[PDB]
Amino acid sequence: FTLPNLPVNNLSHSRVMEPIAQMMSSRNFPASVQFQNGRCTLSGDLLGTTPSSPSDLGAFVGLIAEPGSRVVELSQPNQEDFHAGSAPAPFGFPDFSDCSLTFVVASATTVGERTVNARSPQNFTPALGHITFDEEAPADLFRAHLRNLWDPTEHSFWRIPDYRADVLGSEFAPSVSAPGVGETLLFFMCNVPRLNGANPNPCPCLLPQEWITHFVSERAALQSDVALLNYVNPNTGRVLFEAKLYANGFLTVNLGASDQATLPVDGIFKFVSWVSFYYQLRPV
């Protein structure tokens, strides 16, 4: 079993297309999260809306329902049809809430911005295969990229929106929490552009995109439920701290007596050995 031999500050975020800027763990972070993007088992099984093609992250493909409408019918980001009820949303669709989403929108004839209100039950219904922009949709087939958040809150990057679908369905990526005693989830962080509202940043994710991609490529056999990792200084080889990588695709650390930790991103995670659920991590 292996990880890519790359420093964290060369890795990319997995819920938005941005480089990973920070690494954080905290007892004041939510104990459980249910991100739909950036979700993959160590054996390379993608979960939720995690796109098979990484560049589809935060993107979608839409077509106006009828001339002059604000309503767009959703496809998969590879222009293949989106089957309603098959998933919370088309693959790569943003899993943010408590805000409006402003997308850059590009068709054969136009480039501009459109905004969808994720607070609106009427407009935000991706599981049904269509959403309603705040403005009139472009006349033709377009590709959209998430550009910024409008009027977000502190909860925007931590709580998934109402997809107009039951979150306990098998099509959803399941909730994640640190199972080990005293353990807390390790999050990869970046900042996302936003206008008005309150500061949503930082944006957390469980896994780097490169790790997810690697897992899918390797399809490694797991000899245990938990992989032990050392965070190592690439120049000296010295260990800064150890973490456990659980089979369902997340990292935890032992904060020990501490309630918080902001970790340097110039190190490299290395696979040490296979350990068990009960392995007790040395405090950060």
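In case it trips you up, residue 1 is the first one in the sequence shown, and so on.
J.: Please work out which of 23-31 and 37-45 has the higher mean CA B-factor as recorded in the PDB entry.
T.: Averaging CA B-factors over each stretch, the winner is 23-31.
J.: Between 91-99 and 134-142, which has the higher average C-alpha B-factor in the PDB entry?
T.: The stretch with the larger average C-alpha B-factor is 134-142.
J.: If I read the C-alpha B-factors straight from the PDB entry, which of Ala118, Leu186, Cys203, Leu195 is highest?
T.: That would be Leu195.
J.: Going by the entry, which of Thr236, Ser217, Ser55, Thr50 has the most elevated CA B factor?
T.: Highest CA B-factor of the listed options: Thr236.
J.: Please place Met17 in the lowest, middle or highest third of its chain according to the CA B-factor in the PDB entry.
T.: Lowest third.
J.: Which third, lowest, middle or highest, does the CA B-factor of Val181 fall in along this chain?
T.: Highest third.
J.: Tell me, lowest, middle or highest third: where does the Cα B factor of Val284 rank within its chain?
T.: It falls in the top third of the chain.
J.: Determine, from the deposited record, the chain-internal third of the Cα B-factor for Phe60: lowest, middle or highest.
T.: It belongs to the lowest third of the chain when residues are ordered by C-alpha B-factor.
J.: Determine, from the deposited record, the chain-internal third of the Cα B-factor for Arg164: lowest, middle or highest.
T.: It belongs to the highest third of the chain when residues are ordered by C-alpha B-factor.
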